[PDB]
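Report on the structure given below.
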Amino acid sequence: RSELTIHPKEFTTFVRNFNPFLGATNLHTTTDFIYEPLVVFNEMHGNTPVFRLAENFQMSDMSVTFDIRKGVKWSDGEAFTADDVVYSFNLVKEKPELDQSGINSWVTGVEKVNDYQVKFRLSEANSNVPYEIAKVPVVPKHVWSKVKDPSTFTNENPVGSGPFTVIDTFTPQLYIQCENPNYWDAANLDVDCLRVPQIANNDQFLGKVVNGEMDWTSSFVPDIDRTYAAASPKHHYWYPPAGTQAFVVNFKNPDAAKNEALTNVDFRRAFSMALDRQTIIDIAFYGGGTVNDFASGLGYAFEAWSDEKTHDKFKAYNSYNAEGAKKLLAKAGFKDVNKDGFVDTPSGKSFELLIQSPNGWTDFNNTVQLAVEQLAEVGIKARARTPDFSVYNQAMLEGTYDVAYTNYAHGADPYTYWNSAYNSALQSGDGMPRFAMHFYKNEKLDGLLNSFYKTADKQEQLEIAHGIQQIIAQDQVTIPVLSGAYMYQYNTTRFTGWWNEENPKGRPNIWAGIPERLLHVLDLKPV
Ligand SMILES: CC(=O)N[C@@H]1[C@@H](O)[C@H](O[C@@H]2O[C@H](CO)[C@@H](O)[C@H](O)[C@H]2NC(C)=O)[C@@H](CO)O[C@H]1O
Ligand SMILES: [Ca+2]
Ligand SMILES: [Ca+2]
Ligand SMILES: [Cl-]
Ligand SMILES: [Mg+2]
């Protein structure tokens with residue numbers, strides 16, 4: 001049998017948990033591979049919908065119905081039907097802790113129309129809602145209804161719809177997830193098993209990938225041409241452009257001195273001008289990125305959406321200018337009053353910014369250490385922390401952090417970045433990710449975001465985008481640094497069929513949250 005070695009997520013030890021709603025504690029081979037979506041939107045190719053368990057869908061406006069593919073079975077053998085979909089969406093509406101997106105804010109309810117067809121009722125006008133709906137995991141009703149506790153259910157013997165449901169081998173350091181015996185698309189599948197080794201950080205990953213022990217990965221790799229590519233003719237990669245990375249500052253820091261600094265727009269702009277974004281790219285990412293000098297975080301890949309007058313107005317604040325940063329600090333009134341060379345707050349208080357990035361994410365760790373040095377050059381005191389991801393994440397959810405370095409989801413239009421990074425509704429909820437947790441709130445901004453897909457008028461949507469750009473830019477809510485890359489390494493020793501620059505069928509990454517990985521694995525063939 002052919003075994004495909006993949007690495008979606010760092011772990012110190014595997015805990016057997018295949019619960020699709022528990023994104024913070026499950027294994028990252030659950031979505032897509034155990035639970036196939038209704039539709040995969042191919043985001044690299046204009047969000048072209050690729051139909052899987054649903055064969056079609058139809059909007060109307062307010063209304064949308066999905067037709068279900070008939071003759072699909074679960075891995076046990078039972079039939080896949082429309083009440084599985086209905087069952088699944090009810091669950092999350094009642095337990096909004098399993099809402100990892102904000103889906104409950106859009107869908108008011110769901111109704112079975114027949115054995116292969118389901119209607120979805122909306123809260124507001126949203127031409128983008130089929131994309132949102134595809135995010136919700138569909139689980140089997142003949143199992144999860146018999147389940148007493150979904151919020152804690154670990155689901156160690158999963159019944160799934162996807163290509164790999166069979167747990168063949170499981171240890172704290174290795175598991176192997178094999179083909180669903182009843183898989184509906186089996187004629188299309190040429191890989192027998194997914195092989196998933198425990199790897200805790202980038203250092204551990206590097207030794208393994210360079211030794212040719214991996215097949216499909218998406219980790220940071222330093223000096224990739226000399227370390228990884230040069231080791232074997234079988235060692236390849238392809239890094240299509242990805243999303244924004246930024247320093248995010250906590251507007252609700254509990255320390256008086258740090259709050260005084262972080263909530264000050266002159267201070268955020270001077271922080272931003274202290275940074276040398278191209279040096280960060282050159283050193284921390286070995287060239288693997290593009291400068292992002294948009295105060296709104298938009299990035300150069302959306303030139304067509306950008307209001308260039310706005311971009312030009314605030315670009316000086318997002319360009320390397322150490323002398324300008326020192327002048328702005330002086331003008332704002334951050335004066336050093338205790339002879340240590342670091343500026344103090346207007347109220348006379350000293351402070352040091354603690355900047356966090358996740359443990360093991362060494363490209364971001366190095367970025368933070370570079371920024372620390374650069375900030376010290378303009379008299380801003382900071383130092384780095386590299387906490388375990390869950391600690392890092394919890395600090396942002398609870399608002400106990402000072403500054404955090406983070407990437408963001410990247411979509412075919414600016415909404416994916418702008419909504420996830422700035423919609424204040426995403427700052428409360430216990431299924432919420434880190435991305436909006438600066439705790440800046442602007443009601444006009446939320447309104448513009450909530451209207452982005454409200455009309456089917458392209459010109460108006462463009463005007464809404466320009467308004468969102470204006471607001472974020474003038475308030476320098478975050479400090480955008482660069483636009484990153486979809487890191488992706490593949491090995492042709494054991495498999496062929498890979499997406500790459502000459503075969504760019506979609507986002508090639510193995511991360512959970514990249515639905516296209518289902519379509520990718522269906523293209524792979526054993527050598
Ligand atoms: C938007 C987002 O949170 N994406 C996450 C990925 O960044 C992350 O992959 C990790 O990215 C780090 C930063 O570039 C790399 O240092 C690291 O090697 C890489 N890890 C792996 C295993 O690919 C993944 C996994 O943590 O989660 C995504 O959600
Ligand atoms: Ca195939
Ligand atoms: Ca001082
Ligand atoms: Cl290189
Ligand atoms: Mg090991």
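For ligands, and for the atoms within them, numbers begin at 1 and follow the listed sequence. Residue numbers run from 1 in the order of the sequence given. Hydrogens, waters and symmetry mates are skipped; everything else that's a heavy atom, side chains included, is used.
- Restricting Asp336 to its N, O or S atoms, the one at the least distance from the Ca ion (ligand 3) is OD1.
- For the pair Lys135 and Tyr131, the cation-pi criterion (under 6.0 Å, within 45° of the ring axis) is not fulfilled.
- Contact annotation: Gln198 places no N, O or S atom under 2.8 Å from the Mg ion (ligand 5).
- No donor-acceptor distance shorter than 3.5 angstrom exists from the side chain of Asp276 to the backbone of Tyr320, with no hydrogens or angles considered.
- No more than 12 heavy-atom neighbours from other residues, nucleotides or ligands sit within 6.0 angstrom of NZ on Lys252.
- Partner of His520 under the ring pair (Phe, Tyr, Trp, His ring centres under 6.0 Å) criterion, chosen from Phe33, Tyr488, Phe495: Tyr488.
- Vertex the Ca ion (ligand 3); arms to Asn338 atom OD1 and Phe342 atom O; angle 160° (nearest 10°).
- A side-chain donor-acceptor contact under 3.5 Å links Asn509 to the backbone of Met487.
- Metal site remark for the Ca ion (ligand 2): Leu522 contributes an N, O or S atom at a distance under 3.0 Å.
- At the Ca ion (ligand 3), the vertex angle linking OD1 of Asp340 with OD2 of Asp344 is 170° (nearest 10 degrees).
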